[PDB]
Amino acid sequence: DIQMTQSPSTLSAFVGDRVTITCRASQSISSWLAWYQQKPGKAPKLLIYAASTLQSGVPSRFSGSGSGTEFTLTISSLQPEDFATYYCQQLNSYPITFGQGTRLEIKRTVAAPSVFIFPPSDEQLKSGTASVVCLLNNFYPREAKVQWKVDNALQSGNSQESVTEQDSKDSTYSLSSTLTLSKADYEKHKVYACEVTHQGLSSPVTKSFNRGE
Amino acid sequence: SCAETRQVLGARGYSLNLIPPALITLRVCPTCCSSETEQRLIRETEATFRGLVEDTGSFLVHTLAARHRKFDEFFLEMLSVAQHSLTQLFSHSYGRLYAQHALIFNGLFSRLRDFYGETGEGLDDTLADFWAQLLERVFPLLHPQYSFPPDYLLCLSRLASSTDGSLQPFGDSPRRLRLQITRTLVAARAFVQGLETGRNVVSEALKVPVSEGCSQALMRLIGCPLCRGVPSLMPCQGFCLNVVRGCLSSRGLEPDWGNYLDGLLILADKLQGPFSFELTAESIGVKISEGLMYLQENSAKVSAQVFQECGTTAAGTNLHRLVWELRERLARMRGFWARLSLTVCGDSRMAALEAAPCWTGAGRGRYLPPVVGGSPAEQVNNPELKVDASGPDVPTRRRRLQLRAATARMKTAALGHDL
Amino acid sequence: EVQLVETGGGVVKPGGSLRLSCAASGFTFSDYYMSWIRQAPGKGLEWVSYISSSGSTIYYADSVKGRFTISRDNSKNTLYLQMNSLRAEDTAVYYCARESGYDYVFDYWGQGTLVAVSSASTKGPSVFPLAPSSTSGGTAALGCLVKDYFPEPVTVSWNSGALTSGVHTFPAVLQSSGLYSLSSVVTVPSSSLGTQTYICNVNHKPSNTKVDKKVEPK
Amino acid sequence: XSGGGXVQXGXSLXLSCXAXXXXXXXXXXXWXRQXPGXXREXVXXXXXXXXXXXXXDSXXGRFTXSXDXXXXXXXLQXXXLXXXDXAXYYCXXXXXXXXXXXXXXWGXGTXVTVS
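Chains as they are written, first to last, in the numbering used here: chain A, 13 to 225; chain B, 299 to 717; chain C, 946 to 1163; chain D, 9 to 123.
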């Protein structure tokens, strides 16, 4: 019955910068607020409990100050091992509630996405289903938009996207959208195209292919 | 190959030169440890002992702090809760007055809330101010023809200050309500302060002795094994339980630590149980309307005899829940100091294929000595250390002086008497 | 040092019962308050239960009030959780934590073991190619499609660990049929389509379906 | 949208943008450069205030960008111009909010070239 909120959902900052993460609660909490850091797919650590107090082992660069219904979490100088997801908590009510995490990513120069398309397999068509794929390779920022054009017709619901995590040699992301269709629905049309719209692109670029090479 | 220690010492971070391949032959360690390594390893050996003990009993510091911040926040809220509730009932029944005279109740509780949080220590005059502010305004309601410009710019001390023996306008309600309010603010205060000490007490009590007599040859326990032989011979219980007792036989707070949690619970029960709070949350309104009724029919005597001169946060957790929640947290604290040695010798030490014997003072020989002593009479037979003639240390023995007066300060407050 | 290890299966259909053990070492289990916190595939962490050190007070979340039960064993130093008649919403990664003393702070968390509720059965994956599309047009990219399998872990590799640079293995996505599916692409020069050979061997452990496949360009 | 004349290689100067006048303090305007003989390439991205500022790798450390929420006008400062940064610089607002990189409406801009 109690709501917790955080801001922002994703913050881009360089190594060595100053970072402030703001957590906001629905009702008043005098000093009952905890902070946690979670690296991808691993157990969270306890950073700052009781609003302002630090936990043994946490470096001095982590700081949190708050009283009332507005709280902050400050990193004085960002070190490379601080890139993770930071979580807010509640220490007052019976149904303790966490806030959705703030993802702290690495900042990088803008890179336009490399676009590719791949035809359905001749061995996959035998089963009666054909999934067309659209690859976006090595780009940054992660925010992008992918639309599917079947003979220049907008699509919705048949496409499923999955994005990789941040690369370690260039701090870039990659995305893949899979257009799934039955073989009978696949035979009706001849042109399949995915157009990518990214901030680094001057205009939405397109990649298409036709049945039978 | 003594270089087995070298890599182990490299994990600890030593400059691994002149220690890897060479062994030669108020002191310590009768070896592959250099001279400056020894003087620096005992300092490294002491560090974990402090960090282990403080982290071992770290939750007592956090629990007493958490209950303090949640009990202190509770009392302040219920003061503000009752302040708003008293205004509602008195505005419903009487449309003649109080329509624009609710400003006194704000100044009433604000000075009450200063006695609770030690902001002040003046309550007997505080209540007399409130009764006077009510006295100088109800009085003219049954005397409407007369108008009064007060004496000087202040009527008197506080109009009828009742001092020197005035036939009281509200007969006995000021004395009765004072006794009920006083027993409440002092009982809820000695409890909060008692919790406030408990955090401070255990916080500094966890700061572990330097005891050079204990520190010198403490290295023998776990440190000097690393110096000579292989480090895979983690000490067994027999040796461990006496060095941690001999070094800590001073802080024998057990006799004074038990009565503390007793007084905490005893005062909590009288405070949790009504007659100490929720009764005086409504007793103010009952005695006020009762004292005015005495006035209504005894104003003929007093007014005739006074012709002379001027005449959003989450609601406060239910205290019952906050008490057994308090009771459970404290149950795991009573026998804490007696169970402290087992935990210290039950962490880095795997005592809980290889063997059962372990390291001793002068070799790997078998150990079967005694290991229970916990006070000077009990630890005067110390096999592995030199405890002081009176076990308690000079700063600790001062933690059984000003940190148990709260117990009697909480016990006496539970009876009603204070100071 | 301070360790909280979790065990228990995680693949059951709706209605199956699971119990998890949180074996604790490195500290006295009897002093601290324990709790269970689960992390769904989503971002947020959801609290489900918590138990006193003595075991006298037990709290459950509003979404786990009837079919959930938590226990404790201060002798064996193990924290349990009874999961009965779980709905599909209970699918999450369940952690066990320790309260440091201050109300509702968790300083030490467990490694994590995940529980999944699904009506599907164990099925191997189908491997399909993403042939490169192409004088020398930049650096063409090829791929390897994995479709329709269950449960989760499946590892894609190229050339038996010889080639690993520029390889992107995407996270699996749960589709409408209830079976995961993923793809792994590789960026190569446009002149290596005839000189060198690429084989993406895909292995699904729970189905014993080691599949070696070749991506030949046209 | 500023002109002072051609400048010497290595010299530095600032620009500004205004094509459609409407309430726009939340959507973030963009900044391109295109030289005839080559398509438009990226320079800097003026994201909404407190959502940070991102530049292209070609002008990392040189060109800058800042904006005003009440004035509703975005500018670009240019420093250390190389003799190969000659092009016409156009600004374009992203129509959507999710940073989908959709530059629906473009502007003319103002170049200066290098001497």
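Cβ atoms here follow ideal geometry from the backbone N, Cα and C, with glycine treated the same way.
Nearest neighbour of residue i, chosen from the options [CA to CA]
{"i": "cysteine 967(C)", "options": "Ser1064(C), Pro986(C), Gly989(C) and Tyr1053(C)", "result": "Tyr1053(C)"}
{"i": "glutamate 344(B)", "options": "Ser389(B), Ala515(B), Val584(B) and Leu483(B)", "result": "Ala515(B)"}
{"i": "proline 20(A)", "options": "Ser188(A), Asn222(A), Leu116(A) and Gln172(A)", "result": "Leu116(A)"}
{"i": "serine 1105(C)", "options": "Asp1035(C), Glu946(C) and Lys1158(C)", "result": "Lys1158(C)"}
{"i": "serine 574(B)", "options": "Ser299(B), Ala301(B), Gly714(B) and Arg367(B)", "result": "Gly714(B)"}
{"i": "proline 71(A)", "options": "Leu58(A), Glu82(A) and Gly78(A)", "result": "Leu58(A)"}
{"i": "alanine 363(B)", "options": "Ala704(B), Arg627(B), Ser673(B) and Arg702(B)", "result": "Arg627(B)"}
{"i": "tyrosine 450(B)", "options": "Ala687(B), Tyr592(B), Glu607(B) and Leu539(B)", "result": "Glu607(B)"}
{"i": "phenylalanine 347(B)", "options": "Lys585(B), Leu683(B) and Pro507(B)", "result": "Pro507(B)"}
{"i": "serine 88(A)", "options": "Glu207(A), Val27(A) and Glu173(A)", "result": "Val27(A)"}
{"i": "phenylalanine 95(A)", "options": "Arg36(A), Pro52(A), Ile129(A) and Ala124(A)", "result": "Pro52(A)"}
{"i": "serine 1001(C)", "options": "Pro318(B), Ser530(B) and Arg625(B)", "result": "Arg625(B)"}
{"i": "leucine 551(B)", "options": "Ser383(B), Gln603(B) and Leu504(B)", "result": "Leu504(B)"}
{"i": "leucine 410(B)", "options": "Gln381(B), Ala320(B) and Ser509(B)", "result": "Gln381(B)"}
Closer than 9 Å at the beta carbon, the chain A residues around residue i
{"i": "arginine 41(D)", "result": "Near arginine 41(D) there are no residues of chain A at all, since even the closest Cβ is about 10 Å away, more than 9 Å."}
{"i": "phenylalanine 1115(C)", "result": "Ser174, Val175, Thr176, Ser186, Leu187 and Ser188"}
{"i": "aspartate 93(D)", "result": "Per Cβ cutoff of 9 Å: no residues; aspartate 93(D) is ~16 Å from chain A at best."}
Contacts that residue i makes with chain A (C-beta to C-beta distance below 7 Å)
{"i": "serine 1136(C)", "result": "Correct list: empty, because the minimum Cβ distance to chain A is about 17 Å."}
{"i": "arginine 70(D)", "result": "Here the premise fails: no neighbours, minimum Cβ distance about 12 Å."}
{"i": "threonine 1132(C)", "result": "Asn149"}
{"i": "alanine 1086(C)", "result": "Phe128, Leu147 and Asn149"}
Residue i (DSSP reduced to helix, strand or coil)
{"i": "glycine 117(D)", "result": "coil"}
{"i": "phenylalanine 972(C)", "result": "coil"}
{"i": "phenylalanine 95(A)", "result": "coil"}
{"i": "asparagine 616(B)", "result": "coil"}
{"i": "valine 162(A)", "result": "strand"}
{"i": "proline 674(B)", "result": "helix"}
{"i": "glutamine 305(B)", "result": "helix"}
{"i": "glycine 1088(C)", "result": "strand"}
Under 8 Å by beta carbon: chain A residues contacting residue i
{"i": "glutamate 371(B)", "result": "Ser42"}
{"i": "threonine 417(B)", "result": "Result: empty, since nearest Cβ-Cβ is about 18 Å, beyond 8 Å."}
{"i": "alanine 612(B)", "result": "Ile14, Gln39, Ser40, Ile41, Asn104 and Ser105"}
Test item: CB-CB of residue i and residue j under 8 Å
{"i": "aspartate 976(C)", "j": "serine 994(C)", "result": "no"}
{"i": "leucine 421(B)", "j": "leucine 350(B)", "result": "no"}
{"i": "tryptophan 429(B)", "j": "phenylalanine 468(B)", "result": "yes"}
{"i": "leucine 565(B)", "j": "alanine 488(B)", "result": "yes"}
{"i": "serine 970(C)", "j": "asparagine 1019(C)", "result": "no"}
{"i": "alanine 1037(C)", "j": "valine 1009(C)", "result": "no"}
{"i": "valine 1130(C)", "j": "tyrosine 1143(C)", "result": "no"}
{"i": "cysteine 643(B)", "j": "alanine 650(B)", "result": "no"}
{"i": "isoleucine 1015(C)", "j": "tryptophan 981(C)", "result": "yes"}
{"i": "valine 162(A)", "j": "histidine 201(A)", "result": "yes"}
{"i": "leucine 147(A)", "j": "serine 188(A)", "result": "yes"}
{"i": "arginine 518(B)", "j": "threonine 329(B)", "result": "no"}
{"i": "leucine 45(A)", "j": "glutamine 102(A)", "result": "yes"}
{"i": "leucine 85(A)", "j": "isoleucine 60(A)", "result": "yes"}
{"i": "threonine 81(A)", "j": "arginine 36(A)", "result": "yes"}
{"i": "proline 1151(C)", "j": "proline 1096(C)", "result": "yes"}
{"i": "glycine 69(A)", "j": "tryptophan 47(A)", "result": "no"}
Neighbouring residues, chain B, relative to residue i (Cβ below 7 Å)
{"i": "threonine 1002(C)", "result": "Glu626"}
{"i": "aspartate 976(C)", "result": "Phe357 and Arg630"}
Chain F within 8 Å of residue i, Cβ atoms only
{"i": "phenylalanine 357(B)", "result": "In the structure shown, chain F does not exist; the protein chains are A, B, C and D."}
Per-residue contacts from residue i into chain C (C-beta, under 9 Å)
{"i": "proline 131(A)", "result": "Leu1075, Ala1076 and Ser1078"}
{"i": "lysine 368(B)", "result": "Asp1048"}
{"i": "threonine 346(B)", "result": "Under the 9 Å cutoff, chain C gives no residues; its nearest Cβ is about 11 Å from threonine 346(B)."}
Proximal residues of chain C, C-beta to C-beta of residue i below 7 Å
{"i": "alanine 629(B)", "result": "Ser999"}
Under 8 Å by beta carbon: chain C residues contacting residue i
{"i": "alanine 364(B)", "result": "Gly1046, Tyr1047 and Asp1048"}
Runs of 3 residues minimum, wholly inside the region 1130-1163 of chain C: which ones carry the beta strand (DSSP E) assignment? 1145-1149 and 1154-1156
Residue ranges of each alpha helix (DSSP H) within the region 509-582 of chain B, 4 or longer: 510-513, 521-525, 535-546 and 552-570
Can you give, in chain order, each stretch of the beta strand (DSSP E) that sits fully within the region 56-90 of chain A and has at least 3 residues? Positions of the beta strand (DSSP E) runs, each at least 3 residues long and wholly inside the region 56-90 of chain A, are given as 74-78 and 80-87 in order along the chain.
Sequence ranges, alpha helix (DSSP H) only - wholly within the region 366-447 of chain B, length at least 4: 401-414 and 422-436
Pick out the complete beta strand (DSSP E) segments inside the region 997-1024 of chain C, 3 residues or longer, and give them in chain order. 1003-1005
Every unbroken beta strand (DSSP E) within the region 160-218 of chain A, with a cutoff of 3 residues, ordered by chain: 171-175, 185-194 and 203-209
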